[PDB]
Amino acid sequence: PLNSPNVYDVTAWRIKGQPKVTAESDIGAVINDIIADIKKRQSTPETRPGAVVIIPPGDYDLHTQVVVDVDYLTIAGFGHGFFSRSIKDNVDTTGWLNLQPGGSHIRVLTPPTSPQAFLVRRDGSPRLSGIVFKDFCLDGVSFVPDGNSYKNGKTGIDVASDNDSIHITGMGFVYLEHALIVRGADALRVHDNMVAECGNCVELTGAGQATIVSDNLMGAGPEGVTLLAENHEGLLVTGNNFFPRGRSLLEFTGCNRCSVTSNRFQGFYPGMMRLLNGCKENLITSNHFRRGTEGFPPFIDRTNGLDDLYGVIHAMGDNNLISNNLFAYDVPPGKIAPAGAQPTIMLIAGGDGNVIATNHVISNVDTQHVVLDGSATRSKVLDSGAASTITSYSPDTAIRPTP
């Protein structure tokens, strides 16, 4: 296709000895064969510039787990191919012109023994660098045992070893239990993707730093996360549009000095944002939060199991600034739990020196804009509601009511 051994077209690659296997049959086995070819040619630490694997638009089955263990591997298609399998599964489709995702369309059919479509892992060293996934579709085909479970044991991309300067962009993920997982992320960018109708959308696990999650459209399932970060430092989460049915939309555990800023958050349950297990010195600012109620009939009676005293924002940790946010809460009275409670918008569950400033709350019922747990210390609440709307069980909270 190009005059380089480092450019591969998956529809043109034949695996010698398995002349049966096509990119349609098992694009997994095809990409694994490509990667073996790269290793044969790229032999030394001075000759390993990587390669591009090109996925033309089409339907491709993947049976065999692709193991990605080379730097600067770009896997690229020509479109994210997103399609709502969740609407398809739940309505009459008589006369429908289309019934599945497309674009550069990888149907993930991995075994239980090898559940992730792409396993990005190198046990040797150094860290994997500069790997790029872009412009293709990873589709888990269905949920198990029905369409509404958000469970199938499949993962789209799982980066399992420490990594630097990975770039995930223009992707589509649908109907995977775990769309994207990146462990030990440094200088990662998850940018401008469509990640929806998955049990879990983006999991940033183990630890990480210097990461940006931006301009993504994301919606998860009621037992899974939308964005999760574990032990991140200096994570920037910005310009994202989070919607749907995750148990949460943003979940940080032990994340410090991160910024969640200029996003849009729409959820149907308490606990849309959870700053857990000692999250400190984070900026939570200039976001729009919408707490509403499930409208799609097949999901009306399912919840994430939390009540409305949990908080739209639930914070456990130190010295966070939660400021300059709009919260719009609208839940039918008969749907609030426990029955008769005032919902809590921001709950400070514990921690020292949190500052809550210039937040505007609107709710259909009486709400506590802020509740501070009895264990909260040295808190400030400025202009986030009248005195009526701020409950401190802690004796030491400084409160300026909104004029």
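In this text, residue numbers run from 1 along the sequence as written.
Taking only CA atoms, the mean B-factor in the PDB entry is higher for 333-341 than for the other of 59-67 and 333-341. The question of which stretch, 89-97 or 181-189, has the higher mean Cα B factor is settled in favour of 89-97.
If you compare the C-alpha temperature factors of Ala160, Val132, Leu250, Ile300 in the entry, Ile300 comes out highest. The entry lists a Cα temperature factor for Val237 that places it in the lowest third of the chain's modelled residues.
When the CA B factors of the chain's modelled residues are split into thirds, the value for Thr155 lands in the middle one. When all modelled residues of the chain are sorted by CA temperature factor, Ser375 is found within the highest third. In the PDB entry, a CA B factor belonging to the lowest third of its chain's modelled residues is recorded for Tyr72.
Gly102 sits in the middle third of its chain by CA B factor, as recorded in the PDB entry.
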